[PDB]
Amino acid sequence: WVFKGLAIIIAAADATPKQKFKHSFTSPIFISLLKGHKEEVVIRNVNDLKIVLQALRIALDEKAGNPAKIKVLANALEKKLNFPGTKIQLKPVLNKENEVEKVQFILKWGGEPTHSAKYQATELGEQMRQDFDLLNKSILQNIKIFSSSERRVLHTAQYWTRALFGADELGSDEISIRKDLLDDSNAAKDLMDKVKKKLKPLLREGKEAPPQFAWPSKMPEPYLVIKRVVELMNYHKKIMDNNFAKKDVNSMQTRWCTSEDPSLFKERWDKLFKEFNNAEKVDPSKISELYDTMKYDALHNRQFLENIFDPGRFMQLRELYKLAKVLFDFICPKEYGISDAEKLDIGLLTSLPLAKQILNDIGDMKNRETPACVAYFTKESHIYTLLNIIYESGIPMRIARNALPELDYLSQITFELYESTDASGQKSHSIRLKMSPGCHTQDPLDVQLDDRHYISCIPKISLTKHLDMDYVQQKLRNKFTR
(Lines of atoms letter the chains of each structure in order from A and count residues from 1; the text may use other names and numbers.)
(Lines give C-alpha, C1' and ligand atoms only; values in the text may rest on other atoms or scores of the structure.)
Protein backbone atom coordinates (compact mmCIF):
# COMPACT_ATOMS: atom_id res chain seq x y z
CA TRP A 1 0.00 0.00 0.00
CA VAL A 2 1.07 3.58 -0.74
CA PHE A 3 -0.38 6.87 0.48
CA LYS A 4 -2.69 8.71 -1.93
CA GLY A 5 -4.74 11.22 0.06
CA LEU A 6 -5.91 12.50 3.43
CA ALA A 7 -9.27 13.89 4.56
CA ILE A 8 -8.74 15.33 8.05
CA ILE A 9 -11.40 17.04 10.17
CA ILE A 10 -9.93 19.33 12.83
CA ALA A 11 -11.71 20.95 15.76
CA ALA A 12 -10.93 24.41 17.09
CA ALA A 13 -7.87 25.04 19.25
CA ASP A 14 -7.92 26.42 22.80
CA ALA A 15 -10.66 29.00 23.34
CA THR A 16 -12.30 30.95 26.14
CA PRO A 17 -15.29 29.35 27.88
CA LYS A 18 -18.59 29.41 26.02
CA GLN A 19 -21.40 30.88 28.13
CA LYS A 20 -25.03 31.59 27.33
CA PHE A 21 -28.29 32.79 28.84
CA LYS A 22 -31.47 31.41 27.27
CA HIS A 23 -35.05 32.51 27.92
CA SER A 24 -38.24 32.32 25.86
CA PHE A 25 -40.77 35.14 25.54
CA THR A 26 -44.13 35.48 23.81
CA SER A 27 -44.74 39.23 24.14
CA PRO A 28 -44.97 41.19 20.87
CA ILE A 29 -41.88 43.31 21.56
CA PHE A 30 -39.82 40.12 21.79
CA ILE A 31 -41.48 38.65 18.69
CA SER A 32 -40.73 41.87 16.79
CA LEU A 33 -36.99 41.27 17.23
CA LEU A 34 -37.32 38.57 14.55
CA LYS A 35 -38.36 41.33 12.11
CA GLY A 36 -40.77 38.99 10.35
CA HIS A 37 -38.37 36.05 10.07
CA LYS A 38 -39.81 32.63 10.90
CA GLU A 39 -36.41 30.90 11.10
CA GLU A 40 -33.47 31.28 13.46
CA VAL A 41 -31.93 34.76 13.36
CA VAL A 42 -28.37 35.52 14.49
CA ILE A 43 -27.34 39.04 15.56
CA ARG A 44 -23.62 39.86 15.63
CA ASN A 45 -23.28 43.48 14.51
CA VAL A 46 -22.45 45.60 17.54
CA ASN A 47 -24.88 48.35 16.51
CA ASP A 48 -27.72 45.83 16.14
CA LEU A 49 -26.84 44.51 19.61
CA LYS A 50 -27.15 48.05 20.98
CA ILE A 51 -30.62 48.28 19.42
CA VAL A 52 -31.63 44.97 21.01
CA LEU A 53 -30.27 46.23 24.34
CA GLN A 54 -32.59 49.22 24.04
CA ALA A 55 -35.47 46.87 23.22
CA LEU A 56 -34.65 44.84 26.34
CA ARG A 57 -34.74 48.01 28.45
CA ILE A 58 -38.15 48.80 26.95
CA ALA A 59 -39.32 45.24 27.61
CA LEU A 60 -38.19 45.54 31.23
CA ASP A 61 -40.12 48.77 31.82
CA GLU A 62 -43.20 47.43 30.03
CA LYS A 63 -42.97 44.11 31.91
CA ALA A 64 -43.11 42.26 28.59
CA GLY A 65 -41.72 39.25 30.46
CA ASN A 66 -40.21 38.09 33.72
CA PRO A 67 -38.52 41.36 34.80
CA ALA A 68 -35.80 39.60 36.80
CA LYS A 69 -34.87 37.43 33.82
CA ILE A 70 -34.95 40.42 31.46
CA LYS A 71 -32.64 42.36 33.80
CA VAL A 72 -29.92 39.69 33.65
CA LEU A 73 -30.15 39.55 29.85
CA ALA A 74 -29.91 43.33 29.50
CA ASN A 75 -27.04 43.69 31.98
CA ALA A 76 -25.14 40.79 30.41
CA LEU A 77 -25.64 42.20 26.91
CA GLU A 78 -24.54 45.68 27.98
CA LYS A 79 -21.28 44.36 29.43
CA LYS A 80 -20.43 41.96 26.60
CA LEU A 81 -21.67 43.50 23.34
CA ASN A 82 -18.30 45.29 23.05
CA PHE A 83 -16.45 41.95 23.26
CA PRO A 84 -15.73 39.85 20.14
CA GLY A 85 -17.81 36.70 19.88
CA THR A 86 -20.96 38.08 21.53
CA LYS A 87 -24.11 37.28 19.55
CA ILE A 88 -27.86 36.81 19.98
CA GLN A 89 -29.86 33.92 18.51
CA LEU A 90 -33.64 34.19 18.10
CA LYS A 91 -35.32 30.82 17.57
CA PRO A 92 -39.01 31.27 16.68
CA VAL A 93 -41.57 28.65 17.66
CA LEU A 94 -44.30 28.18 15.06
CA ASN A 95 -47.88 27.18 15.80
CA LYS A 96 -50.08 25.12 13.50
CA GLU A 97 -50.73 28.13 11.23
CA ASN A 98 -47.02 28.94 10.74
CA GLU A 99 -47.40 31.94 13.06
CA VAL A 100 -44.65 32.79 15.54
CA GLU A 101 -46.12 32.26 19.02
CA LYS A 102 -42.84 32.29 20.97
CA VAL A 103 -39.19 33.25 20.47
CA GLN A 104 -36.18 31.85 22.30
CA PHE A 105 -33.75 34.64 23.25
CA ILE A 106 -30.23 33.17 23.46
CA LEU A 107 -27.37 35.47 24.44
CA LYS A 108 -23.96 33.89 23.78
CA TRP A 109 -20.49 35.25 24.53
CA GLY A 110 -16.98 33.91 24.84
CA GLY A 111 -15.63 31.10 22.73
CA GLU A 112 -12.79 33.27 21.44
CA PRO A 113 -9.38 31.77 20.59
CA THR A 114 -6.92 32.16 23.43
CA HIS A 115 -3.31 33.24 23.02
CA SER A 116 -2.47 29.53 23.35
CA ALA A 117 -4.47 28.43 20.29
CA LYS A 118 -1.69 29.36 17.87
CA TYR A 119 0.77 26.95 19.51
CA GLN A 120 -1.56 23.96 19.18
CA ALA A 121 -2.41 24.80 15.56
CA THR A 122 1.23 25.53 14.67
CA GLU A 123 2.29 22.28 16.34
CA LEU A 124 -0.18 20.38 14.16
CA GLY A 125 0.79 22.20 10.97
CA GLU A 126 4.52 21.62 11.43
CA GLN A 127 4.08 17.93 12.30
CA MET A 128 1.94 17.39 9.20
CA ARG A 129 4.40 19.30 7.02
CA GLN A 130 7.07 16.95 8.32
CA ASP A 131 4.84 13.94 7.65
CA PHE A 132 4.15 14.98 4.05
CA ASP A 133 7.79 15.73 3.23
CA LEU A 134 8.52 12.09 4.17
CA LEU A 135 5.61 10.42 2.32
CA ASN A 136 5.43 12.56 -0.83
CA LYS A 137 6.56 16.16 -1.27
CA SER A 138 3.91 16.59 -3.98
CA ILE A 139 1.13 16.52 -1.36
CA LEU A 140 1.98 20.09 -0.35
CA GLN A 141 1.07 21.19 -3.90
CA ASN A 142 -2.49 19.80 -3.64
CA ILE A 143 -3.90 21.13 -0.36
CA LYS A 144 -7.56 22.13 -0.20
CA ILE A 145 -8.77 23.80 3.01
CA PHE A 146 -12.29 24.45 4.30
CA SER A 147 -13.26 26.16 7.54
CA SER A 148 -16.30 27.05 9.59
CA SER A 149 -17.22 30.72 9.90
CA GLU A 150 -16.83 30.56 13.69
CA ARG A 151 -13.98 32.80 14.79
CA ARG A 152 -12.22 30.20 16.95
CA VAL A 153 -12.30 27.71 14.06
CA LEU A 154 -10.97 30.02 11.34
CA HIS A 155 -8.27 31.19 13.76
CA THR A 156 -7.17 27.56 14.05
CA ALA A 157 -7.25 27.08 10.27
CA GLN A 158 -5.11 30.17 9.64
CA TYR A 159 -2.25 29.25 11.98
CA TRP A 160 -2.32 25.62 10.82
CA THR A 161 -2.08 26.79 7.20
CA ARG A 162 0.83 29.11 8.04
CA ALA A 163 2.69 26.27 9.77
CA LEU A 164 1.97 23.76 6.99
CA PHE A 165 3.37 25.94 4.18
CA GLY A 166 5.87 27.93 6.25
CA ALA A 167 4.45 31.35 5.40
CA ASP A 168 3.73 34.63 7.18
CA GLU A 169 0.94 36.14 5.07
CA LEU A 170 -2.10 34.31 3.72
CA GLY A 171 -4.66 35.00 1.02
CA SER A 172 -8.41 34.53 1.34
CA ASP A 173 -8.28 32.22 -1.70
CA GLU A 174 -6.51 29.52 0.33
CA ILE A 175 -9.17 28.90 3.02
CA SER A 176 -12.78 28.49 1.87
CA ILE A 177 -15.59 29.05 4.37
CA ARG A 178 -18.38 26.45 4.19
CA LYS A 179 -21.15 27.32 6.64
CA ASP A 180 -23.37 24.57 5.21
CA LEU A 181 -20.74 21.94 6.08
CA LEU A 182 -18.87 23.12 9.17
CA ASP A 183 -21.15 25.45 11.17
CA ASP A 184 -23.79 24.21 13.58
CA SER A 185 -27.14 23.25 12.07
CA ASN A 186 -30.44 23.50 13.95
CA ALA A 187 -31.71 20.57 11.84
CA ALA A 188 -31.22 18.16 14.76
CA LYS A 189 -32.28 20.69 17.41
CA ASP A 190 -35.86 19.40 17.28
CA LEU A 191 -34.58 15.93 18.20
CA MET A 192 -31.84 17.11 20.57
CA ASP A 193 -34.56 18.74 22.69
CA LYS A 194 -36.26 15.35 23.01
CA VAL A 195 -32.94 14.10 24.40
CA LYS A 196 -32.31 17.10 26.67
CA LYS A 197 -35.70 16.67 28.35
CA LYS A 198 -35.03 12.95 28.81
CA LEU A 199 -31.81 13.79 30.68
CA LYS A 200 -33.34 16.27 33.15
CA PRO A 201 -34.99 13.62 35.39
CA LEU A 202 -31.77 11.59 35.42
CA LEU A 203 -29.86 14.53 36.91
CA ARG A 204 -32.63 16.10 39.02
CA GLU A 205 -35.02 13.31 40.01
CA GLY A 206 -34.05 10.87 42.74
CA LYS A 207 -34.55 7.78 40.58
CA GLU A 208 -35.02 7.46 36.81
CA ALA A 209 -34.17 4.26 34.92
CA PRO A 210 -32.19 5.00 31.73
CA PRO A 211 -32.20 2.61 28.77
CA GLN A 212 -28.80 2.10 27.10
CA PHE A 213 -27.01 4.82 29.09
CA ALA A 214 -23.27 4.38 29.59
CA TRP A 215 -22.10 5.11 33.14
CA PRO A 216 -19.05 3.84 35.07
CA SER A 217 -19.59 1.26 37.79
CA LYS A 218 -17.38 3.01 40.36
CA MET A 219 -19.60 6.11 40.29
CA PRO A 220 -22.93 6.53 42.12
CA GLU A 221 -26.10 7.56 40.28
CA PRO A 222 -25.93 10.81 38.27
CA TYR A 223 -28.40 12.60 40.54
CA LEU A 224 -26.13 11.97 43.54
CA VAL A 225 -23.13 13.33 41.63
CA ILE A 226 -25.16 16.44 40.83
CA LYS A 227 -26.11 16.87 44.49
CA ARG A 228 -22.47 16.68 45.58
CA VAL A 229 -21.38 19.15 42.88
CA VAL A 230 -24.04 21.58 44.10
CA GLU A 231 -22.69 21.14 47.63
CA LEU A 232 -19.15 21.75 46.37
CA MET A 233 -20.25 24.76 44.30
CA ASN A 234 -22.13 26.44 47.15
CA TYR A 235 -19.07 25.70 49.30
CA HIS A 236 -16.64 27.41 46.93
CA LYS A 237 -18.98 30.37 46.43
CA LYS A 238 -18.68 31.24 50.13
CA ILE A 239 -14.88 30.87 50.05
CA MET A 240 -14.62 33.09 46.98
CA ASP A 241 -16.78 35.85 48.47
CA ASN A 242 -14.90 35.68 51.76
CA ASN A 243 -11.56 35.97 49.95
CA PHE A 244 -12.76 38.81 47.71
CA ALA A 245 -14.28 40.63 50.69
CA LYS A 246 -11.28 40.21 53.01
CA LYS A 247 -8.01 39.57 51.16
CA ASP A 248 -6.05 41.55 48.58
CA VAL A 249 -7.22 39.89 45.37
CA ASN A 250 -4.73 41.65 43.07
CA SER A 251 -1.84 39.83 44.80
CA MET A 252 -3.21 36.28 44.46
CA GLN A 253 -1.41 35.89 41.10
CA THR A 254 1.92 37.45 40.19
CA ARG A 255 0.83 38.16 36.60
CA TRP A 256 -2.52 39.05 35.04
CA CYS A 257 -3.16 39.20 31.29
CA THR A 258 -5.95 40.00 28.86
CA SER A 259 -8.85 37.64 29.66
CA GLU A 260 -6.92 36.45 32.76
CA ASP A 261 -7.82 38.91 35.53
CA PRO A 262 -9.77 38.35 38.76
CA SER A 263 -12.78 40.42 37.67
CA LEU A 264 -13.53 38.21 34.67
CA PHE A 265 -12.92 35.17 36.88
CA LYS A 266 -15.53 36.26 39.42
CA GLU A 267 -18.03 37.03 36.65
CA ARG A 268 -17.77 33.54 35.14
CA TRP A 269 -18.02 31.69 38.45
CA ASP A 270 -20.75 33.95 39.84
CA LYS A 271 -22.86 32.82 36.88
CA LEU A 272 -22.04 29.13 37.35
CA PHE A 273 -22.62 29.32 41.11
CA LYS A 274 -26.10 30.67 40.34
CA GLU A 275 -26.73 27.78 37.94
CA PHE A 276 -25.32 25.10 40.29
CA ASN A 277 -27.00 25.98 43.60
CA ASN A 278 -30.09 23.75 43.19
CA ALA A 279 -29.66 20.14 42.10
CA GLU A 280 -33.36 19.96 41.20
CA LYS A 281 -32.85 22.84 38.73
CA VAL A 282 -29.55 21.95 37.03
CA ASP A 283 -29.67 22.36 33.24
CA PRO A 284 -27.69 19.61 31.44
CA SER A 285 -26.43 22.28 29.03
CA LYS A 286 -24.60 23.98 31.92
CA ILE A 287 -22.40 20.98 32.74
CA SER A 288 -20.24 21.81 29.71
CA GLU A 289 -20.04 25.47 30.76
CA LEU A 290 -18.91 24.49 34.26
CA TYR A 291 -16.28 22.12 32.89
CA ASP A 292 -15.12 24.56 30.20
CA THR A 293 -14.38 27.32 32.71
CA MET A 294 -12.68 24.81 35.01
CA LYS A 295 -10.39 23.74 32.17
CA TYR A 296 -9.81 27.40 31.30
CA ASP A 297 -8.91 28.58 34.81
CA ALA A 298 -6.70 25.61 35.66
CA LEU A 299 -5.01 26.36 32.31
CA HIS A 300 -4.88 30.18 32.24
CA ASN A 301 -5.52 31.33 35.86
CA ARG A 302 -3.87 28.52 37.78
CA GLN A 303 -2.41 30.52 40.68
CA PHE A 304 -5.52 32.63 41.25
CA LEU A 305 -7.68 29.50 41.06
CA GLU A 306 -5.68 28.06 43.96
CA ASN A 307 -5.75 31.17 46.12
CA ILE A 308 -9.32 32.41 45.62
CA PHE A 309 -10.73 28.97 46.52
CA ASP A 310 -8.29 28.31 49.39
CA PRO A 311 -10.30 27.94 52.62
CA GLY A 312 -7.25 28.27 54.88
CA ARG A 313 -4.91 20.72 44.10
CA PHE A 314 -7.05 21.48 47.15
CA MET A 315 -9.13 18.49 48.17
CA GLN A 316 -12.55 20.13 47.89
CA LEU A 317 -11.36 21.60 44.57
CA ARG A 318 -9.89 18.37 43.21
CA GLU A 319 -13.13 16.63 44.15
CA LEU A 320 -15.11 19.29 42.26
CA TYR A 321 -12.94 18.94 39.14
CA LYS A 322 -13.12 15.13 39.21
CA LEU A 323 -16.91 15.06 39.55
CA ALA A 324 -17.36 17.69 36.82
CA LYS A 325 -15.24 15.64 34.42
CA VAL A 326 -17.45 12.60 35.07
CA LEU A 327 -20.57 14.60 34.19
CA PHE A 328 -18.86 16.02 31.10
CA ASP A 329 -17.71 12.54 30.01
CA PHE A 330 -21.06 10.75 30.43
CA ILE A 331 -23.77 13.45 30.16
CA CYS A 332 -22.54 15.97 27.58
CA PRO A 333 -21.73 13.38 24.85
CA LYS A 334 -25.34 12.20 25.14
CA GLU A 335 -26.77 15.58 24.19
CA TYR A 336 -26.01 14.17 20.72
CA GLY A 337 -28.10 11.05 21.42
CA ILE A 338 -28.51 8.47 24.18
CA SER A 339 -29.56 5.38 22.23
CA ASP A 340 -27.75 4.21 19.11
CA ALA A 341 -30.74 5.26 17.00
CA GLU A 342 -30.65 8.75 18.54
CA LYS A 343 -26.89 9.08 18.04
CA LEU A 344 -27.43 7.97 14.44
CA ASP A 345 -30.22 10.34 13.45
CA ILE A 346 -28.80 13.33 15.35
CA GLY A 347 -25.41 12.49 13.87
CA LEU A 348 -26.87 12.46 10.36
CA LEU A 349 -29.13 15.50 10.76
CA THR A 350 -26.06 17.46 11.92
CA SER A 351 -23.20 16.26 9.70
CA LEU A 352 -24.73 14.55 6.65
CA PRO A 353 -23.56 17.32 4.26
CA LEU A 354 -20.02 17.12 5.63
CA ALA A 355 -20.12 13.31 5.52
CA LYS A 356 -21.10 13.36 1.83
CA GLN A 357 -18.37 15.92 1.15
CA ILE A 358 -15.70 13.70 2.74
CA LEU A 359 -16.70 10.60 0.78
CA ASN A 360 -16.78 12.53 -2.50
CA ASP A 361 -13.35 14.02 -1.78
CA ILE A 362 -12.15 10.52 -0.90
CA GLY A 363 -13.68 9.33 -4.16
CA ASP A 364 -11.84 12.04 -6.08
CA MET A 365 -8.52 11.22 -4.40
CA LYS A 366 -8.67 7.64 -5.71
CA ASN A 367 -9.05 8.87 -9.30
CA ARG A 368 -6.33 11.53 -9.07
CA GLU A 369 -2.82 11.12 -10.44
CA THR A 370 -1.25 13.43 -7.81
CA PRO A 371 -1.66 12.93 -4.05
CA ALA A 372 -3.75 15.48 -2.20
CA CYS A 373 -5.06 16.48 1.22
CA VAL A 374 -8.34 18.07 2.27
CA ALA A 375 -8.55 19.68 5.71
CA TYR A 376 -11.92 20.54 7.26
CA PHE A 377 -11.76 22.89 10.26
CA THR A 378 -15.04 22.47 12.11
CA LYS A 379 -16.97 23.49 15.18
CA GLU A 380 -16.92 21.10 18.12
CA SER A 381 -20.32 19.58 17.30
CA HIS A 382 -19.39 17.93 14.00
CA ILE A 383 -16.62 15.83 15.59
CA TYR A 384 -19.01 14.14 18.01
CA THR A 385 -21.68 13.56 15.37
CA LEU A 386 -19.29 12.33 12.67
CA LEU A 387 -17.79 9.72 15.00
CA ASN A 388 -21.30 8.44 15.74
CA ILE A 389 -21.93 8.03 12.01
CA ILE A 390 -18.70 6.02 11.76
CA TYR A 391 -19.66 3.57 14.50
CA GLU A 392 -23.38 3.26 13.73
CA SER A 393 -22.57 2.54 10.06
CA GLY A 394 -21.60 -1.05 10.88
CA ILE A 395 -17.94 -0.52 9.94
CA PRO A 396 -15.71 -2.87 11.99
CA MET A 397 -13.87 -0.76 14.56
CA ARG A 398 -10.74 -1.46 16.58
CA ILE A 399 -11.94 0.35 19.73
CA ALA A 400 -15.38 0.76 21.28
CA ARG A 401 -16.98 4.17 21.73
CA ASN A 402 -17.08 4.01 25.53
CA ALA A 403 -13.32 3.42 25.48
CA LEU A 404 -12.66 6.49 23.33
CA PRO A 405 -10.80 9.30 25.14
CA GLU A 406 -12.41 12.61 26.01
CA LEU A 407 -12.54 14.99 23.07
CA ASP A 408 -10.64 18.22 23.68
CA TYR A 409 -9.31 21.19 21.72
CA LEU A 410 -7.88 20.39 18.28
CA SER A 411 -9.27 16.85 18.26
CA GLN A 412 -9.14 15.29 14.81
CA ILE A 413 -10.85 12.68 12.65
CA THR A 414 -8.65 11.22 9.92
CA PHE A 415 -9.42 9.31 6.71
CA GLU A 416 -6.16 7.93 5.28
CA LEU A 417 -6.26 6.68 1.69
CA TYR A 418 -3.83 4.06 0.38
CA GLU A 419 -3.93 2.79 -3.20
CA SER A 420 -3.03 -0.64 -4.58
CA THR A 421 -2.10 -0.10 -8.23
CA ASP A 422 -0.27 -3.46 -8.19
CA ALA A 423 -1.63 -6.79 -9.45
CA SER A 424 -1.39 -5.52 -13.03
CA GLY A 425 -3.30 -2.30 -13.62
CA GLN A 426 -5.98 -3.43 -11.16
CA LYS A 427 -6.26 -0.53 -8.71
CA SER A 428 -7.67 -1.19 -5.23
CA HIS A 429 -7.76 1.18 -2.27
CA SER A 430 -7.72 0.80 1.51
CA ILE A 431 -8.96 3.41 3.98
CA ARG A 432 -7.85 3.56 7.62
CA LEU A 433 -9.69 5.83 10.05
CA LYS A 434 -7.84 7.46 12.95
CA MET A 435 -8.77 10.06 15.56
CA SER A 436 -7.04 12.16 18.19
CA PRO A 437 -8.64 13.64 21.33
CA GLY A 438 -6.63 16.81 20.71
CA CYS A 439 -4.64 18.80 23.28
CA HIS A 440 -5.75 17.04 26.46
CA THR A 441 -4.32 16.55 29.94
CA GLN A 442 -5.83 14.12 32.44
CA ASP A 443 -4.43 16.15 35.38
CA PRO A 444 -5.23 19.82 34.73
CA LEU A 445 -4.77 20.73 38.41
CA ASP A 446 -1.30 19.10 38.52
CA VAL A 447 0.42 19.92 35.21
CA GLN A 448 2.94 22.77 35.50
CA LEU A 449 2.82 25.27 32.64
CA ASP A 450 4.82 28.32 31.60
CA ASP A 451 3.45 31.62 30.29
CA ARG A 452 2.29 29.86 27.10
CA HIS A 453 -0.39 27.94 29.06
CA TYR A 454 -0.13 25.42 26.24
CA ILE A 455 -1.15 21.75 26.22
CA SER A 456 0.52 19.50 23.66
CA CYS A 457 -1.52 17.41 21.24
CA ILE A 458 -2.12 13.70 21.83
CA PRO A 459 -0.96 11.42 18.97
CA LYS A 460 -3.58 9.75 16.82
CA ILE A 461 -5.10 6.36 17.67
CA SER A 462 -6.33 3.91 15.05
CA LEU A 463 -10.08 3.31 14.87
CA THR A 464 -9.85 0.73 12.06
CA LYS A 465 -7.30 -1.25 10.09
CA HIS A 466 -6.93 -1.11 6.30
CA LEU A 467 -10.43 -1.64 4.90
CA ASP A 468 -11.66 -1.97 1.32
CA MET A 469 -12.69 1.48 0.10
CA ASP A 470 -15.85 0.35 -1.68
CA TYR A 471 -16.94 -1.38 1.53
CA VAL A 472 -16.43 1.61 3.83
CA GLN A 473 -18.39 3.89 1.47
CA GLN A 474 -21.36 1.52 1.16
CA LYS A 475 -21.82 1.01 4.90
CA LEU A 476 -21.89 4.79 5.31
CA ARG A 477 -24.12 5.48 2.30
CA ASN A 478 -26.62 2.80 3.39
CA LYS A 479 -27.45 4.80 6.53
CA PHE A 480 -28.03 8.06 4.63
CA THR A 481 -31.62 6.96 3.93
CA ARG A 482 -32.83 7.53 7.50
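For every residue, the number given is its place in the sequence shown, counted from 1.
Where residue 312 is followed by residue 313 in the displayed chain, the model omits 4 to 9 of the deposited residues that sit between the two. Just going by the entry, 76 to 84 versus 247 to 255 on mean CA temperature factor gives the higher value to 247 to 255.
Look at the mean CA B-factor for 382 to 390 and for 67 to 75 in the entry; the higher one is 382 to 390.
Looking only at 402, 411, 263, 156, the residue with the top Cα B factor in the deposited structure is 402. Of the candidates 42, 33, 59, 431, the PDB record gives 431 the highest C-alpha temperature factor. Placement of the Cα temperature factor of residue 446 within the chain: middle third of the modelled residues, per the deposited record. Residue 467: CA B factor lies in the highest third for its chain, per the PDB record. In the PDB entry, a CA B factor belonging to the lowest third of its chain's modelled residues is recorded for residue 270. Ranked by Cα temperature factor within the chain, residue 46 sits in the lowest third according to the deposited record. Placement of the Cα temperature factor of residue 457 within the chain: middle third of the modelled residues, per the deposited record.
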